[PDB]
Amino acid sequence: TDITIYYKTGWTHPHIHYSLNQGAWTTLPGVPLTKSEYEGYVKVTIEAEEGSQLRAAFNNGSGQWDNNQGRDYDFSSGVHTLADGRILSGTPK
């Protein structure tokens, strides 16, 4: 149901800035990701109803962005890890 994301990064104030099910975009720079139980990863869990989808781009809280070469990243309900351009399900590998 909720969208949970693990994101690999060295940035110290990483943010995910997203639009949930095609609605309003978050206010910039977005929602900050918290330090995770996995070396080099941060995590956020975005609350969402069944069958939800978000569009996201990630940033350092300041304008260095990771936006999947301008296309942004898509996520569905469930857990995912974004590592170096690539989404995989579940928690970090």
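The first residue of the shown sequence is 1; numbering continues from there.
K.L.:
What stretch has the higher average Cα B-factor here, 47-55 or 23-31?
P.N.:
Per the PDB record, 47-55.
K.L.:
When the deposited Cα B-factors of this chain's modelled residues are ordered and cut into thirds, is residue 1 in the lowest, the middle or the highest one?
P.N.:
Highest third, going by the recorded CA B-factors of the chain.
K.L.:
Classify residue 83 as lowest, middle or highest third according to the C-alpha B-factor given in the PDB entry, relative to its own chain.
P.N.:
For residue 83, whose C-alpha B-factor we compare with every modelled residue in the chain, the answer is the middle third.
K.L.:
Grab the CA temperature factor for residue 70 from the record and place it in the lowest, middle or highest third of its chain.
P.N.:
Its C-alpha B-factor, which the entry lists for residue 70, ranks in the highest third among residues of this chain.
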